[PDB]
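To begin, one chain is listed below as structure tokens, in the form deposited in one PDB entry.
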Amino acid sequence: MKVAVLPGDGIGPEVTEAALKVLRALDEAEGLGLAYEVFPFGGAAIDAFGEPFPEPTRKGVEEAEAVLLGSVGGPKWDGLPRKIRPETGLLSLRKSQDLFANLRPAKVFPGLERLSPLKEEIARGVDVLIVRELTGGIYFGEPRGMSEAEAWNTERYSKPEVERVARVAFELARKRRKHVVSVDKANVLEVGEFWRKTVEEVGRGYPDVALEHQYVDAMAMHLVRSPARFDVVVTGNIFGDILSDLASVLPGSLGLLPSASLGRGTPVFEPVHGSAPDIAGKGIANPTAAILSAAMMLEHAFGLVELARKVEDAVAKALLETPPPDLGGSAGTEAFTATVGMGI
């Protein structure tokens, strides 16, 4: 279980250490063979290598079987050239590993329904996995320009593109509740009809998985009126972006969501939250995201689905007994990691 840790900056190291604490325990008491070393990354790496994604980190991720990344960003670099802003290192990291699927989970933990903006009855049972296309769509396509009179961007998709992400969606379903929802806008866009066609063609290989299609705007509605009826949601770039951000508000608060970036290289698991450099080092940051990101890696990078389900539960338990400040409590980082530890 070799893992490359890229703590980053802000509460990055903070939340990453906690996940490591939980990980070392889980490993020690289970014999996992977890082996790891911390690598400079983002603004941190910048302060010692000039670049946010240095050469030894690139090698560190390569030779690693998974990546447990924290957070990057900060004012100390918000005024540096793009090519080397910490943000860009995330893109270089992604690209170096060919990460084409960004798994964005959104689950309301039992007992935490009142933390959500949805009535306790709708928030109850919510456990969706939004798989979004990472390297295609209107985000990168050409042409694309601006002028005094007009601007333009291009949403293009290729059969190999859509096939491998949909492929990732069906495999993940097989391990969840076996149901996927390909989202698109096929009723008014060629790409949508093209996205549908391909996914349907790829679903045939996964008969044990139920494929249901839906329009992007219609799906926005059912994500707020019936989130629980959804398991795995596969979709394109810009829409993945919108649907992922939408699902992210369903479970109480954003500092509770993990993240993963699957592709052809070393997977990368990380908290969706920012670096919050202001609260950095004040021990007040909630390590739930980082810890749950650690779960994600166990299940998705090593298949330890049970162990991951364990950690998840422990967190859910801790969020209840010793809730963090953001959850209307007072359990600082250190404290909260202890309680999580318990359920381990």
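The first residue of the sequence shown is number 1, and the count goes up from there.
Just so you know, the form solved in complex with a small molecule exists too; it's not on screen, but the next bit is about it.
Peer 1: What is the one choice in 306, 63, 278, 37 with a heavy atom within 4.5 Å of the small molecule in the bound PDB entry?
Peer 2: Answer to the contact question: 278.
Peer 1: Just to be sure I understand the contacts: of 252, 192, 74, 136, which is the one whose heavy atoms reach within 4.5 angstroms of the small molecule in the bound PDB entry?
Peer 2: Selected option: 74.
Peer 1: Taking 4.5 angstroms as the heavy atom distance cut-off, pick the stretch from 22 to 30, 65 to 73, 43 to 51, 311 to 319 that is near the small molecule in the bound PDB entry.
Peer 2: Result of the contact check: 65 to 73.
Peer 1: Test of understanding: in the bound PDB entry, would residue 292 fall inside 4.5 Å of the small molecule by heavy atoms?
Peer 2: Output for residue 292 is no: heavy atoms all beyond 4.5 Å of the small molecule.
Peer 1: Does the small molecule come within 4.5 Å of any heavy atom of residue 274 in the bound PDB entry?
Peer 2: It does: once the small molecule is placed as it appears in the bound PDB entry, residue 274 has a heavy atom within 4.5 Å of it.
Peer 1: Given that the small molecule is not shown alongside this chain, does residue 334 nevertheless sit within 4.5 Å of it in the bound PDB entry, heavy atom to heavy atom?
Peer 2: No, no contact at 4.5 Å.
Peer 1: Taking the small molecule as it sits in the bound PDB entry, is residue 127 near enough to touch it, meaning that at least one heavy atom pair lies within 4.5 angstroms?
Peer 2: Residue-level check for residue 127: no, no contact with the small molecule.
Peer 1: Are all three residues 11, 78 and 286 in contact with the small molecule in the bound PDB entry, where contact means a non-hydrogen atom within 4.5 Å?
Peer 2: Result yes, every residue of the spot touches the small molecule.
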